[PDB]
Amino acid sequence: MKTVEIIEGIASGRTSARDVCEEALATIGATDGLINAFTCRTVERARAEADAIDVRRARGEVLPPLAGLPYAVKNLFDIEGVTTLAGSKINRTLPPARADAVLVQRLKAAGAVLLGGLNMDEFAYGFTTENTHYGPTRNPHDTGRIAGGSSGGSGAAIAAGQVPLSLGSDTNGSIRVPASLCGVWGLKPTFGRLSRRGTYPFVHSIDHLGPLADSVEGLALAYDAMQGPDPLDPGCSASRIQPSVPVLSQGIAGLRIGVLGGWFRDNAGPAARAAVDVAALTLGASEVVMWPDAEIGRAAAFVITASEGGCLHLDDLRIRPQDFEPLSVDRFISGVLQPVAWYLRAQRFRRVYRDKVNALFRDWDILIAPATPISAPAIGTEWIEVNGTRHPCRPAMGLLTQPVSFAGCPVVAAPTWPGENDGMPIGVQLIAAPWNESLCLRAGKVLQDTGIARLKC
């Protein structure tokens, strides 16, 4: 059963929060030896949180909106009393976090129950969650295939039925990619919407945080719970809460909805194209729209990512390079060696890009693209082919995501199930202007209502 039904069951007294918690724990125990989505299980905390919700209910209180809902978080999120790994072995010896990440604190205040920390690509640099230290996370729809990444545990935990909600991060695709590949819902909010405080960073200029979920209502409820200014967070720009839940079912009448072409068609395989086509038909989008400078947008994101992420770890690259993830350490080193001219040019281009993207959205409410070029490849894949062009697998998974996060536009990743595709899912990006998350969510809800976007559980 989905988020809404879980919450209703606890609110109405049909099930205790403690029973809901114990069910999730037992599912994790039975499935995670194979899926490998969890790196840490906060059992004692979960049970005390669930117990506290049952005490409040028994006192006759009005419960908060996520009361009793289990969730887990990508292990770059600080969990009080636990050392924040961020998929690394380097971080193992750091002191345990003194406080929960702000987003964890907000979910806790909304009554949600934390089950633990989830696997990720080391230091968030990767799209496949093939972690050498902790092992790969496996796709629950086919365990010989990747879950996607870098938030692979976040996507897999939901698709395996372990939790209904998780938190991930997305810099150049890392929420949208696992949502696509695992067949679950994801939301990458506007850059600067959700507080990044108490999380281990990757690219200060581009990191976003957000939920993945078993339903579009799950996204909206978690997003509303997490919203709010945080003056202690340098990246936050949102000065007030703009609730999405009350308008989730408003529909899309009168919205201008387009389908992205060019880069977003050329880098989409046949299943990705079919997913966009069916989503477009359902949403009444028929016009093909060009995104400005998409390939250069990717290029600039790539440049900034490599230098800012590499330089962040320079001290450790100097003294213990052998302790990094061997699949990405050479990419971090490359990033450190990049001419400063490339970085500055990318930052100057980003002003022009922001102007062009904001201008594009003066004519459009929602734009549609595929989330990934193909569905989940086999674990251990080095090279993929997309419409006859070979790419390294690991970077290629973000070809379609990377231009969009660079502008910081909000995106709902809606899970679809195209026909010629070995039963594997592929996601669609519903992209709106900065600050218009509730449009993305409204469009998602229409896809969900018609049966086009769904999980397979």
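Numbering starts at 1 and follows the sequence shown.
When the C-alpha B-factors of 298-306 and 268-276 are averaged, 268-276 comes out higher.
Averaged over their C-alpha atoms, the temperature factors of 249-257 and 176-184 are higher for 249-257. When the C-alpha B-factors of 403, 395, 427, 68 are ranked from the entry, the top spot goes to 395. Looking at 40, 37, 431, 46, the one whose CA carries the top B-factor in the deposited record is 40.
Sorting the modelled residues of the chain by their CA temperature factor places residue 30 in the highest third. Ranked within its chain, residue 50 lands in the middle third, by CA B factor from the PDB record. When all modelled residues of the chain are sorted by CA temperature factor, residue 214 is found within the middle third. The PDB entry assigns residue 409 a C-alpha temperature factor belonging to the lowest third of its chain's modelled residues.
Sorting the modelled residues of the chain by their CA temperature factor places residue 318 in the middle third.
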